[PDB]
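Trainee:
Residue numbers (the deposited numbering), protein chains in the order written: chain B, 2053 to 2315; chain L, 436 to 869; chain H, 2 to 108; chain P, 1207 to 1316, 1414 to 1854, 1889 to 1929; chain W, 3666 to 3702, 3710 to 3858.
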């Protein structure tokens, strides 16, 4: 009889169009075959959706709505260029997210929503915009790093999830080490928090990361600090200010919970 | 030449430079659309490699100094005064070709458009001059569409110069495209540029075309065509009266239209003069019509406020009496028997006059033309004659559309050609000389 | 301040009082005649409460001087509404705004 | 049509109307011009009223050349009679004007000094009557936008004038205003000594005071007696009316005299405080011509006229509203119907790109810019543009895009962002959810059903500019999501019915222009979730009748759509599949 | 048309081969269709071989060999899921030493003068992984301390065992049947 089902209707229509005409538009071809593949692989929709499915109690519905609105603002800020207003909006959103009780009660929900990735990506955009010109919008990088460190400290699983991006944080490490009053709010601090007091993560830490940190420390011990000498500091031949930060990270890398990770 | 060496001593390879620029344009010519996908991709790869090699050898800069050394002279005549006259003609062509060369060198290449950011400010400083505006605009468009980094240095002054390009060089869609590229690049919106473009372009309402939704206005007139001329039998004073039976102040969002008065034809033709056949134009929107809306005297699309006891816009059960004096050009009104404190004077009396009313939707009015057709609720002023007395004897007084075309079935519509002049309107007796 | 010319008369006895919100349909026009706002276009009557400084001052005293059911024209000088900054994107700097205001209801 | 001639065209929209088609034309295979059109063809007629347009470069009689101004000279525009002294040359009076006007002040206040020179509002331009051209045939001065007179013989006595004499209660005329479209003088009478002037071409200088409206004329260094006083806000176009008696007739010398701004400082806002005379490319000579077409409206106002009786006179009654959008050219002080852009390509392109710029400035949730744009493009304008069937395709697509970008893009994006995430509250109505509507294992219609998954909140702010609050800058401007919904459903149904007949004239000129914007708006509304229950059932029946029967006409899927329309249909099908997936997820959560 | 879409995407100019979900799914579907897998009769074995030939023909008739060469060439020696799926598709179409597929691949490479294919092959070989005593010892230390394993397999040692086997099986299947042309071209 008739199709009687959206799956059958789409599967017939896509093939009929494709065999009727040679589709010129690659986007049209992709859309057609994506629909056909989705219709044929019905179980794939479930295997993709279920990981992003969370159930909440009825009492916390309004707080979940508020947290979702804040996260929507944060995600929407990914599509706009940085500015003073964007800085203010993200401080708003991050403060509200921190104050929300769901942020302390459902860590799996926040991991599934992928807000640590969103905050990291925004901080990445900020850092990549004017990376050489010191650090533009220091409050964005500081608040992003503080929120990310708090995310690591909330739960061990959150710490592992953030540790999964430790590699890139290391290329984005040498950003705000020299400037004081921002201590504890740099991507190096975020990496240290991801590896802090976790034997699994310390053991899984790879040699190339330590080599990167060692090269940074060697550079700081070899050449002076451009920002400090530009502000007028005496031109000693090396950079104790950043060398101390790198040594502090290496301390957490090597030492964990009273014992020393020999590897 | 700048150091003022003798023209004979200075050797400008003008012909070779132009020919090489043409060769370079052909060498960096983009792939054609009709080509197959594989050949297109191969030629795009070759173009990308050529652009990388040129930029790495620093050809972008060399083109920049060539452009600067050409702009040290103001015009082609000036360059022909300094250098040779043949170089004077070739100055425009070389200057254009260099700009197309720069555009082809940087087009679609992220690295080149990124390195062009430093000179981007220098590029926009010559956008105002006419000899290079098109090439500079094309290069600017390529840089903006390709390099996100270039948008980070565009400032308020740079945007205002681009808008002044609209202001001075007229309407152009390419600069609008450049502005859109400034607003959005690669799916990321720059709020600063959006706000500046908005606040610097929109409020003026002097460059972009403006749009507004306007009610249709139709004009209705009697058959009479009264005028004044030497040695002809027409009474120079006339009077008619209009009653408003119902009026909706706002049938739509826009205010309703209701104006009454007199209109004058151009010459002795029967057409109303100086006004569009259809649109939102009514009585008083041209210099051939003279209207009254209850608060303003309308003529030439400009309104003057007139005082009247308990003045108000024309409502239901409002009576307007119109008076015309062609002995000394004068148009006076009387609302509800009360005289309005203003009149039209010393207008043009070359053509014929007739009563006219202009309205939008939601209007229900009645002409009181006097005598058989109606009775005046107010006594006519002394001398003034009722308007029905001007009807030619055989014809019948009819209130018909002032304009030719009305709402009717499409294929039954009567297309009307030019009409003849009403020489019969002014019966001027001309006996032969004896 | 503001100049008020009456298009349609009102009752002439009921005027806005302190703390009483006014329901008005208005049309905003620049001095040259260009329209920039219309509650009639938005098809929603505009409600503001007299004297909380929530509407431009000229509109405020114009509505105050108007009576119930009256249709009046409000001419607001630059100083009384959007003095020098103007409205970004709508009202140019130093612009006089003409408003066609009708006091629909008082509550 | 000749003089006093009447005729009718029958394009055969209704074949029965054609009277001789059957006996000749039908068997031969000729088809009526309107063989299958859902709407009548727009007539275009010859415009009676002349308009000012730029002199064509290929004009057979007029030559206009721009002379760049040196340091010792001034920018000059020269009008040249190309075919003078030649066969078929035209000796009639030609009317010239400059493109941009000088705008007088809104309210009238009641070597050279730089301070006075910068604070003054007086502007000046001069015209050089070339030697050998009779000054009696040349008139110099200003005109307004209303000047549309093309009398072969022109004199200053027959200019259109009126005198509005406002008076007090007693009748005393406290003020009288002379209003005219033309304020010009004749050079022949202006030159006082007469005869010999060959020492330099007759230089009539026009001086305009934008703060007082005083128009004074300088002729060969001496003020003329004739002066014109104009009323505030008058836009005066520099104009010269001349009859060619020499190949060189006159020259627009755009310069300055002592203590006066040049004409450019008044014409252009960017050059307001620049005393140096300038002639930007925008300014150019325009001549009055008859070569222009006019478009008859498809629909006219319905007016009923009848004599009630001898007492009641004649009744004029118009009770049905009718509207059209007017495109206002700011520089020319002229307005034309937006549907006239079907033949004006340059204006159509410029306005389409203006619409695209409007869409771009408010892109990605620039709510305050959207609020500002609500002033320039309003709700009635958007609705009329959406519904009108005679709109050009480009403008139609632009207005459909602008509506979505200003009012719907933000929330549509928010729901698309929160579309792959299923936060399902554990409530009683959630527990009630089941995979299948009844015991019989038949799928319900997609979209219809109780969905309890968390959604973003719909919030909008009213765009009022009299308010001085700033909370309105959050949230997109409000729009009637119900009137828009019903209109979209109706237009989709009409498009489905009409397009199946394959008419020669679709809305916008092409099937793509007809369908892509409409389906895009429909998809945006579907994403936003406005459609509920019955509307969703109707729009599903529109998509495909047979599959979505509750519990011949062929749908869009088999309507044989173009590729751009097929992409939108793929998007709609993707949304329906996503709705099914969400229903499955909620049913699983309910069972759990 | 689907194969042509994928081939054009592979041949388009990019610095890096972007991960495409559509390709990663449809290549797997095509590979499954190709292979489609107690002692059986000679007739049954011949019917299996002939059925496999027809199943492989349904793709290499439409240009799958060129597609799987182009994707590997555009990979530019970067190990990834796209290359892992492409190698599986190539193995599926080349199973049994398909001489027609071998000839098609050889002719395509020779006429295109494709150097990126071989450069990417070498790069994939260098990027292939091996046993790591350090990783094994660290993982065993984690197990001995008894912390719950963060991942079930713990496949840090021999990161991708399937990718290497597929990469070398593809290269063997290329030369199977004593194909001297590949034996010399490689």
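In this text, a Cβ means the ideal position worked out from N, Cα and C, and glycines have one as well.
Quick one: does residue 1573(P) have its CB under 7 Å from some CB of chain H?
Mentor: no
Trainee: Starting from the C-beta of residue 2189(B), find all residues in its chain whose C-beta is less than 7 Å away, skip the five residues before and the five after it, and write them out in chain order.
Mentor: Counting only Cβ-Cβ distances below 7 Å, and skipping sequence neighbours, we find 2134, 2139, 2178.
Trainee: Run through the DSSP bridge pairs and tell me what residue 678(L) is partnered with.
Mentor: The partner list for residue 678(L) (beta bridge, DSSP) reads 754(L), 801(L).
Trainee: Using beta carbons (cut-off 7 Å, strictly below), is residue 634(L) in contact with chain H?
Mentor: Yes - at least one Cβ of chain H is within 7 Å of the one on residue 634(L).
Trainee: With 16 other CB atoms within 10 Å as the buried threshold, where does residue 72(H) fall?
Mentor: buried
Trainee: So which residues of chain A does residue 473(L) contact, with C-beta pairs closer than 7 Å?
Mentor: You won't find chain A in this structure, because its protein chains are B, L, H, P and W.
Trainee: Give the secondary structure of residue 1906(P) by DSSP, where H, G and I count as helix, E and B as strand, and everything else as coil.
Mentor: Under the three-state reduction of DSSP, residue 1906(P) is assigned to helix.
Trainee: Please classify residue 678(L): is it buried, with 16 or more other beta-carbons within 10 angstroms of its beta-carbon, or exposed?
Mentor: Within a 10 Å sphere around the beta-carbon of residue 678(L) sit 16 or more other beta-carbons, which makes this residue buried.
Trainee: Secondary structure at residue 693(L), three-state DSSP: helix, strand or coil?
Mentor: Three-state result, residue 693(L): strand.
Trainee: Tell me, please, whether the stretch 75 to 88 of chain H touches the stretch 1793 to 1805 of chain P by the rule of three or more beta-carbon pairs shorter than 8 Å.
Mentor: no
Trainee: Does the Cβ-Cβ distance between residue 630(L) and residue 795(L) come in under 7 Å?
Mentor: no
Trainee: Check the C-beta distance from residue 1520(P) over to residue 1533(P) and give it rounded, since I have them as a contact under 8 Å.
Mentor: Actually they do not touch by this definition, with Cβ atoms about 14 Å apart.
Trainee: Within its chain, find whatever has a CB closer than 6 Å to the CB of residue 3804(W); leave out the 5 residues flanking it on each side and keep chain order.
Mentor: 3829
Trainee: Can you confirm whether residue 3734(W), when its beta carbon is compared against all beta carbons of chain B, has any partner nearer than 7 Å?
Mentor: no
Trainee: Would residue 1703(P) count as contacting chain L if we go by Cβ distances under 7 Å?
Mentor: no
Trainee: Using a Cβ cut-off of 7 Å, pull out every chain L residue sitting near residue 13(H), in sequence order please.
Mentor: Going along chain L, no residue has its Cβ under 7 Å from residue 13(H), so there is no contact; the nearest lies around 11 Å.
Trainee: Using only the alpha-carbon positions, how far apart do residue 766(L) and residue 787(L) sit?
Mentor: 14 Å
Trainee: Considering residue 1487(P), what are the terminal residues of the beta strand (DSSP E) in which it resides?
Mentor: 1485 to 1489
Trainee: Provide the residue span of the alpha helix (DSSP H) that contains residue 592(L), from first to last.
Mentor: 591 to 604
Trainee: If you count every other CB in all the chains shown that lies within 10 Å of the CB of residue 3819(W), and 16 or more means buried, which is it?
Mentor: Residue 3819(W) is exposed by the Cβ-count criterion.
Trainee: Say whether chain P places a C-beta atom closer than 7 Å to the C-beta of residue 43(H).
Mentor: yes
Trainee: Quick check on the DSSP output: what are the complete beta strand (DSSP E) runs of length 3 or more inside the stretch 1419 to 1484 of chain P, in order along the chain?
Mentor: 1425 to 1432, 1441 to 1446, 1464 to 1469, 1478 to 1483
Trainee: Determine the chain L residues that contact residue 3810(W) at a beta-carbon separation under 9 Å, and present them in chain order.
Mentor: Within chain L, no residue comes near residue 3810(W); the closest Cβ sits about 41 Å away, beyond 9 Å.
Trainee: Can you tell me the Cβ-Cβ gap for residue 2086(B) and residue 3669(W), rounded? I've got them flagged as a contact below 8 Å.
Mentor: Not confirmed; about 16 Å, so no contact.
Trainee: Of the choices 1447(P), 1433(P), 1656(P), 1608(P), whose alpha-carbon is the least far from that of residue 1499(P)?
Mentor: Comparing Cα positions, the closest option is 1433(P).
Trainee: Can you tell me which of the three DSSP states residue 736(L) falls into?
Mentor: coil
Trainee: Mind checking whether residue 618(L) and residue 1664(P) have CB atoms under 7 Å apart?
Mentor: yes
Trainee: So, under 8 Å CB-CB, residue 544(L) and residue 586(L) are touching, yes? Tell me the CB distance rounded to an integer number of Å.
Mentor: The Cβ separation is near 17 Å, so there is no contact.
Trainee: Determine the burial state of residue 2083(B): buried for a count of at least 16 other Cβ atoms within 10 Å of its Cβ, exposed for fewer.
Mentor: Residue 2083(B) comes out buried.
Trainee: For the alpha helix (DSSP H) that residue 1559(P) lies in, which residues bound it at each end?
Mentor: Note, residue 1559(P): premise wrong, no alpha helix (DSSP H); not H, not E.
Trainee: List the residues of chain H whose Cβ lies closer than 8 Å to the Cβ of residue 1683(P), in chain order.
Mentor: 42
Trainee: In chain B, what lies closer than 7 Å to residue 3666(W) by C-beta?
Mentor: 2070, 2074, 2075, 2081
Trainee: With a threshold of 7 Å on Cβ separation, who are the neighbours of residue 2272(B) within its own chain once the five nearest residues in sequence on each side are excluded?
Mentor: 2290, 2291, 2294, 2295, 2298
Trainee: To which residues of the same chain is residue 3817(W) closer than 8 Å at the C-beta, ignoring the five residues directly before and after it?
Mentor: None.
Trainee: Name the chain B residues whose beta carbon is nearer than 7 Å to that of residue 3819(W)?
Mentor: Annotation: Cβ neighbours of residue 3819(W) in chain B (cutoff 7 Å, chain order): 2251, 2252.
Trainee: Please check if any C-beta of chain H sits within less than 7 Å of the C-beta of residue 1513(P).
Mentor: no
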